[PDB]
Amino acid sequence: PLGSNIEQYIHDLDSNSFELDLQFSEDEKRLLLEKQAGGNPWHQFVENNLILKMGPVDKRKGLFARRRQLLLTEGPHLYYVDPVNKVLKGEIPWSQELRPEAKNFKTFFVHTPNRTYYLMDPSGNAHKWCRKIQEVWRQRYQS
């Protein structure tokens, strides 16, 4: 619609990384989702959920790690995708007991009851991941 400029809600950090402001309306959401479906290469992986934040992380497990595209979506969901092979590898499970924590600018954890996920962000934006996950947690679990 003329004058809608839905892109106002989108804040890019890099070519494969952005976050959304969360206060848009149900009608604006439709348009954000249409935009995503058309133009976001990760749409296929997120079950038609609007992506609220995405970007690359190195997920530590064992001695080393794997580079994954991490997607925080409506639901909420936290999906992670193998960006080379283009395959969904898993989700971080949501519940009221999920809690993010940033250790420093390049390391954050997501605590869940039976597993803590260890994520590295070499861009130095780990606090932005923590803050956004916590914003979503407040919206999901608080009035």
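Sequential numbering from 1, following the sequence displayed.
Set 74 to 82 against 108 to 116 and average the Cα temperature factors; 108 to 116 ends up higher.
Higher mean CA B-factor, judged across 41 to 49 and 65 to 73 from the recorded values: 41 to 49. Ranked within its chain, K132 lands in the lowest third, by CA B factor from the PDB record. In the PDB entry, a CA B factor belonging to the lowest third of its chain's modelled residues is recorded for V57. Among the modelled residues of its chain, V87 has a C-alpha B-factor that falls in the highest third, as given in the PDB entry.
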